[PDB]
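*Asks:*
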Amino acid sequence: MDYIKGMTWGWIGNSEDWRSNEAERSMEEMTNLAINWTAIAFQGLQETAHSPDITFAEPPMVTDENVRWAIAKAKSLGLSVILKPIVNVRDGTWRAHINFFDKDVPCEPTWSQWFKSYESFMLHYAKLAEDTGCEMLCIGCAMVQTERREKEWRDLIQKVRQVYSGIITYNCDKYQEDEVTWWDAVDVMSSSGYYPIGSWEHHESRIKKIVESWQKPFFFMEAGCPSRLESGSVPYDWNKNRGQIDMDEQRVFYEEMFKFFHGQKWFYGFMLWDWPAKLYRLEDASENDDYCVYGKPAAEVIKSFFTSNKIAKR
Amino acid sequence: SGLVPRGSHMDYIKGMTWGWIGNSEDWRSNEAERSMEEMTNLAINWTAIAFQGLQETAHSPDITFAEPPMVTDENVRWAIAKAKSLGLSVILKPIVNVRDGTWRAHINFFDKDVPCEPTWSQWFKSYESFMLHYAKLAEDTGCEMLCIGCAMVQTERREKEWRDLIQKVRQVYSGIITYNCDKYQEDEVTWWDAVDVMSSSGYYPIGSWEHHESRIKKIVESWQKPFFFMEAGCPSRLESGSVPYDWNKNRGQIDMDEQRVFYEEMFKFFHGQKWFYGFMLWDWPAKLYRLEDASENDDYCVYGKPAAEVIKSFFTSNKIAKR
Ligand SMILES: OC[C@H]1O[C@@H](O[C@H]2[C@H](O)[C@H](O)[C@H](O)O[C@@H]2CO)[C@@H](O)[C@@H](O)[C@@H]1O
Ligand SMILES: OC[C@H]1O[C@@H](O[C@H]2[C@H](O)[C@H](O)[C@H](O)O[C@@H]2CO)[C@@H](O)[C@@H](O)[C@@H]1O
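Protein sequences appear in the order of chains B and A. Read in order, the letters of the first sequence correspond to residues 1 to 314 in the authors' numbering. Read in order, the letters of the second sequence correspond to residues -22 to -14, 1 to 314 in the authors' numbering.
#1: Three-state secondary structure (DSSP) at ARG228/B?
#2: Below 7 Å CB to CB, which residues in the same chain sit around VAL163/A once its five sequence neighbours on both sides are set aside?
#3: Where does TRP266/A sit, in a helix, a strand or coil, going by DSSP?
#4: Hey, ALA39/B and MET271/B are a contact pair by Cβ (cut 8 Å); roughly how many whole angstroms apart?
#5: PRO297/B by DSSP, collapsed to three states: which one?
#6: Give every residue of the same chain whose Cβ lies closer than 7 Å to the Cβ of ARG19/A, excluding the five residues on either side of it in the sequence, and list them in chain order.
#7: Curious, which full-length alpha helix (DSSP H) runs of at least 4 residues does the segment 187 to 250 of chain B contain?
#8: If the cut is a Cβ gap below 8 Å, which residues of chain B does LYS103/A touch?
#9: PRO297/B to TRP153/B, Cα distance in whole Å?
#10: Terminal residues of the continuous beta strand (DSSP E) containing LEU45/A?
#11: Measuring only between beta-carbons, confirm whether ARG149/A sits less than 9 Å from chain B.
#12: Let me know if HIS50/A comes out buried or exposed under the rule of 16 or more other beta-carbons within 10 Å of its beta-carbon.
#13: Straight-line CA distance for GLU147/B to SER191/B?
#14: Determine the direct distance from the alpha carbon of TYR195/B to that of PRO235/B, and round the result to whole angstroms.
#15: Say the cut is 8 Å; is the CB of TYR268/B nearer than that to a heavy atom of ligand 3?
#16: Would you verify that the beta carbon of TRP114/A is, or is not, closer than 9 Å to some beta carbon of chain B?
#17: So, do the segment 275 to 283 of chain B and the segment 21 to 29 of chain B have three or more beta carbon pairs nearer to each other than 8 Å?
#18: Tell me which residues share the same chain as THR31/B and place their Cβ nearer than 6 Å to its Cβ, disregarding the 5 neighbours each side in the sequence.
#19: How about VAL211/B and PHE267/B: do their beta carbons lie closer than 9 Å?
#20: Just reading off the beta strand (DSSP E) that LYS313/A is part of, what are its end residues?
#21: With a cut-off of 9 Å, does the C-beta of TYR236/A fall near any C-beta of chain B?
#22: Tell whether a beta-carbon distance below 9 Å holds between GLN244/A and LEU229/A.
#23: Go ahead and label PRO106/A buried or exposed: buried means 16 or more other beta carbons lie within 10 angstroms of its beta carbon, across all protein chains shown.
#24: What's the C-alpha gap between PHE220/B and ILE302/B?
#25: If you reduce the DSSP assignment to three classes, tell me which class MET30/A lands in.
#26: Less than 8 Å separating the Cβ of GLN158/B from some heavy atom of ligand 2?
#27: Is the beta carbon of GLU177/B sitting closer than 9 Å to the one on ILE207/B?
#28: I'd like to confirm something about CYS172/B: is its beta-carbon nearer than 8 Å to some heavy atom of ligand 1, or not?
#29: Under the criterion of a Cβ to heavy atom distance below 8 Å, does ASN88/A qualify as lining ligand 2?
#30: Between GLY224/B and ligand 1, is the CB less than 8 Å from at least one heavy atom?
#31: With a threshold of 9 Å between beta-carbons, can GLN46/A be considered close to chain B, or not?
#32: Nearest chain B C-beta to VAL144/A closer than 9 Å, yes or no?
#33: Would you tell me roughly how many angstroms separate the C-alpha atoms of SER117/A and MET143/A, rounded to the nearest one?
#34: Under 8 Å by Cβ, that's how I've got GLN250/A and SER231/A pegged, so tell me the actual separation to the nearest angstrom.
#35: Please list the partners that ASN99/B has in chain A, where partner means a Cβ-to-Cβ separation under 8 Å.
#36: Cβ atoms of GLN145/A and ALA96/A: under 9 Å apart, would you say?
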């Protein structure tokens, strides 16, 4: 299994953004992080957390051609690719709340309905990932309230294996590394490393014990922090202190994360969050509140970490 | 206790729910008194005084209650006293609704406590303040029964918290406790032993009632508790009888006969069985439409519709009046 030096590209997955002349320049600029991987991330959509139907590849979401382009462009840039189709909820609910009754009842949509819709979604992109030679497929992201549906997840993974021959991971949410009973069904364990400033040493200890109990490769499928006042205390909170710029907060987050998670032989690195298809101008970086590190001191932390000899050795 | 709640805390319920959704301005109108009086002509001996509390979303921990536009404690004392002045026994039914429109059965939190999310512990503390406020009001006003929840499906697996809440309720409220499970869920609640009386929402489709009588009879016999319907009803709308629970189905498409048929079937299969303790019907508004408007009204309400006559002949029939 490769050590991942990664940046996520393309989120939220807007066809008009991905087809702009600006998208190619954005992906080229991302290579200056000294990454060898990118996660091509884009959304699918369902109306509510309790509705069974997932829409994908319809305006304003990415076309299959947009996706083929992003994968081919990344690979042309010498990057290995994780394809990362993510379901979002149109009403704004966090996808971790997607959930149905344990008991099938005639008056409600069922797990079986939602899983059929999720299978259509994920198998569509699994076939794309096969056709385009994606090195890895991420079959879900922080789907916390679905994870107890163990038979349905294992049945989905078996269908994925029949159409996709690359590496499979599932991205569990922050704090959830020990809560997935079906890690054995994927190749590589992964989680969202949005752990607050001051907690990384504790989480390195906690996660090491989980990964050694499973004896499987682990890496962070997401990790990052907005360049905002006190974002480092809640790096996952994309709504905290919008417009309140703090470059140094984001830098401190990255320096601590890499102090504790580096070269350990059980650890396979970082897919960072994230890098837009339409990138702001360098001159606007110092006033930008995004997760993106472009033009910010955290980018230099990432570059020196990814080019350092201990990490270049993995 | 089993088939009979302990003496210190079973009647056959002939009930109609009153006051929903629980708007202070509606309850304080002159019309509220006339509405409740008119309800007694159903030959009911019980009413459920039903009103909402609110939380923002299905995944937020804070419940607001007794703030505009919701019912004041004085509005509630009034409805309970008026009902009792009319000879009715009272079920107090505080119900949590979600401001964003989400069905309360989806109210839910992560099984694992995590630093980044609201916890079950936070929601149960807010739910306890809500339900203990009304449990104390039920005690002060002498309500015969308290319903401690309604179709909270995605909370029901939290057995320790539900049993802990019920023990706190027992400390402030000495009457009969019921919990109203959702349609189809009668066998899915693991803590029925902690309440006095089992109850469900009887919104079963036309053509299914014989089947549900058999299904429910076996569930009730396995628990050895009294059972009744804490809700049951059907809108007077085209094809409502196929989905009696669906308050959004075919609005403004009037069908008096569909509601009538629903009631006739329900009473054909659920009547006088000794394990069964009757019906709290859904529902009756604080502000009642005029009789002359009844034939054009699409609500659950039976006032001025053929279904009212099915209900009255059922509730006054000697078989039922002797329970
Ligand atoms: O879901 C849309 C928002 O995503 C945000 O990034 C999230 C993302 O959902 C992801 O899957 C993860 O687990 O947490 C990330 C960091 O908060 C932002 O990109 C935001 O702008 C989007 O609206
Ligand atoms: O919740 C507001 C709506 O309630 C409806 O009646 C429901 C009610 O929520 C109840 O607890 C139950 O289990 O089902 C009832 C019948 O659908 C209607 O009164 C509707 O008008 C309200 O908007």
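Cβ atoms here follow ideal geometry from the backbone N, Cα and C, with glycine treated the same way.
*Replies:* Checking against the coordinates, here is how it stands:
#1: DSSP places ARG228/B in strand when its eight states are reduced to three.
#2: For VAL163/A, where only same-chain residues beyond five positions count, the Cβ hits under 7 Å are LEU123, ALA126, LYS127, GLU130.
#3: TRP266/A falls in the coil class under three-state DSSP.
#4: Rounded, the Cβ-Cβ distance is 5 Å, consistent with contact.
#5: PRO297/B falls in the helix class under three-state DSSP.
#6: Within the same chain, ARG19/A has close Cβ partners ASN66.
#7: List check, alpha helix (DSSP H) in window: 200 to 214.
#8: In chain order: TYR175, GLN176, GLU179.
#9: Looking at the two C-alpha atoms, the distance is approximately 40 Å.
#10: Run containing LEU45/A: 37 to 46, per the beta strand (DSSP E) assignment.
#11: No, no contact with chain B.
#12: With 16 or more Cβ atoms within 10 Å of its Cβ, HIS50/A is classed as buried.
#13: Rounded to whole angstroms, the gap between the alpha carbons of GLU147/B and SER191/B is 13 Å.
#14: So the two alpha carbons sit approximately 7 Å from each other.
#15: Looking for ligand 3 in the displayed structure turns up nothing; the ligands present are ligand 1 and ligand 2.
#16: Interface residue (Cβ-Cβ distance to chain B less than 9 Å): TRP114/A is not classified as such.
#17: Below 8 Å, enough C-beta pairs join the segment 275 to 283 of chain B and the segment 21 to 29 of chain B to call them touching: three or more.
#18: Excluding five sequence positions before and after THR31/B, the CB atoms of its chain that fall closer than 6 Å to its own CB belong to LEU77, given in chain order.
#19: In this structure, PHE267/B lies closer than 9 Å to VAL211/B by Cβ.
#20: No beta strand (DSSP E) contains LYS313/A, which DSSP labels as neither H nor E.
#21: By this cut-off, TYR236/A is an interface position.
#22: For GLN244/A and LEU229/A, yes; Cβs fall inside 9 Å.
#23: Exposed, since its Cβ has fewer than 16 Cβ neighbours within 10 Å.
#24: The straight-line gap from Cα to Cα measures roughly 14 Å.
#25: If DSSP states are grouped into helix, strand and coil, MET30/A belongs with the helices.
#26: In this structure, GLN158/B has its beta carbon at no less than 8 Å from each heavy atom of ligand 2.
#27: Yes.
#28: Distances from the CB of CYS172/B to the heavy atoms of ligand 1 are all 8 Å or more.
#29: With a threshold of 8 Å, the Cβ atom of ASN88/A counts as near ligand 2, since some heavy atom of the ligand is closer than that.
#30: Checking every heavy atom of ligand 1 against the Cβ of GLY224/B, one is found closer than 8 Å.
#31: Answer no: the Cβ-Cβ gap between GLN46/A and chain B never drops below 9 Å.
#32: At least one chain B Cβ lies under 9 Å of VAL144/A.
#33: So the alpha carbons of these two residues sit roughly 15 Å apart.
#34: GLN250/A to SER231/A, Cβ: 7 Å. Contact.
#35: By Cβ distance, chain A contributes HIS97, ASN99, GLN145.
#36: Taking 9 Å as the Cβ cut-off, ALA96/A and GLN145/A qualify as a contacting pair.
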